[PDB]
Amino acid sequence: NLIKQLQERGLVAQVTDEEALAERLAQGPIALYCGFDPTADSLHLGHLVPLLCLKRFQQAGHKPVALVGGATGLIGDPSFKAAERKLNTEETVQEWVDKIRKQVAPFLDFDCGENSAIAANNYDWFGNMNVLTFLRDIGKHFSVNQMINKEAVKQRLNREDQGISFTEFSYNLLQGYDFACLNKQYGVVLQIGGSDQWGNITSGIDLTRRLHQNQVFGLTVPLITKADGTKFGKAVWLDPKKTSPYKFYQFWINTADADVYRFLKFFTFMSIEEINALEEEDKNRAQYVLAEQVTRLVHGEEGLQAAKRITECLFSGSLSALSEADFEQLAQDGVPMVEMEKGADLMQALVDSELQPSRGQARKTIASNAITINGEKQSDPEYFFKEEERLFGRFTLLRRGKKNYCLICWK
């Protein structure tokens, strides 16, 4: 039983009429969906949780529908959001829709027969829907009394200064209708999402009964968090131009022990048997396994190898294996960086990079043999960089002591 398997990974927050869903799942392939709103040019790690859950259902033989909210992204989901969001333009949302659709696509199989993935966009039905049609055909089925009692919008209905527009309050009807629309178009009988989506999902379940006299189900995944109560993603984007594969990999390497086994369950396709065996062995490595799996999953074999090669070069101080693209990752977000004019001396580099507070202090630090230039020791306080030390004519990696790095990017 797939629900039982997901419950064992800790991937089930809530599920509607669970016994019936397990029976329908047991009978044969179902169509299911999860929606993703375009509120940025990329998804982050949080979005990856239900995205991989769509693939977990596909691996079990079910048909995943990945919806991108071209219409809902023009409205804004208020669910457990403390503040009203500014509206985004139609041009910006369309740009984001395209980027998200393309980012989701490699996570699912679009060519595996009957259960092949389908990309959907709710702008296809809301983009031309008349307002009186929406209010009469959809709105009459929604009770404002029940809407104001939804946990997701309750904290917004106490004081107007921390309030909600009619625009964001109508959001629940759009996602509610999306479920009914996918049920009629594709026979979708299940919607998944994170726990904040519970109220938007149950509205679609109810609306599908009222509009199409069909029974549909809901399943939420817990919102993934760190055990120490801090905010998850200290954000971690899927786009390599926002979070480099190296930074992505390092985020996983540095997972706390209290989080590492839970993260392996949420973010990898490793069996529950191997994760438990990995946990027992360490009680009498997991961060390394987690980093390898998720980095290869998001950034591919090439991405994982670049992240490992950069990590190794920084640990060893030997930079010969680094390519120009590797240095681009370091400058982006890998190590602290400073832009400098060619001709600057070593003292000025240490001051401008904030590795040293003054030229006088930097002189003593250099003379003490604390500084490396591309991994090589340089103890002449009066030194000027050689042209060959400007790797790819652009980069020079400084290190103070055994671990304090700074990348000089030459103008």
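In case it trips you up, residue 1 is the first one in the sequence shown, and so on. If you superpose the two forms and keep the largest set of C-alpha atoms that fall within 1.5 Å, you have the rigid core.
Superposing each structure in 4 other deposited structures of this protein on the rigid core shows that the farther-lying of 11-19 and 386-394, by root-mean-square Cα distance, is 386-394. The stretch that moves more in 4 other deposited structures of this protein, judged by CA deviation after a rigid core superposition and choosing between 49-57 and 350-358, is 350-358. According to the entry, the stretch of the deposited sequence that connects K234 to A235 contains 4 to 9 residues lacking coordinates, which leaves a gap of moderate length in the model. Unmodelled residues of the deposited sequence between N284 and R285: 4 to 9. As the entry records it, the average C-alpha temperature factor is higher for 144-152, out of 165-173 and 144-152. Two stretches are in play, 103-111 and 68-76, and the higher mean C-alpha B-factor belongs to 103-111. In this entry, the residue among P245, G218, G194, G229 with the greatest C-alpha B factor is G229. The PDB entry assigns the greatest CA B-factor among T225, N121, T295, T133 to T225.
In the deposited entry, the Cα temperature factor of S368 places it in the middle third of its chain's modelled residues. Annotation for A60: C-alpha temperature factor in the highest third relative to the rest of the modelled chain, per the entry. Compared with the other modelled residues of the chain, the Cα B-factor recorded for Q94 ranks in the middle third. Sort the chain's modelled residues by C-alpha temperature factor and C313 lands in the middle third, per the entry.
In this PDB entry, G375 carries a Cα temperature factor that places it within the middle third of its chain's modelled residues.
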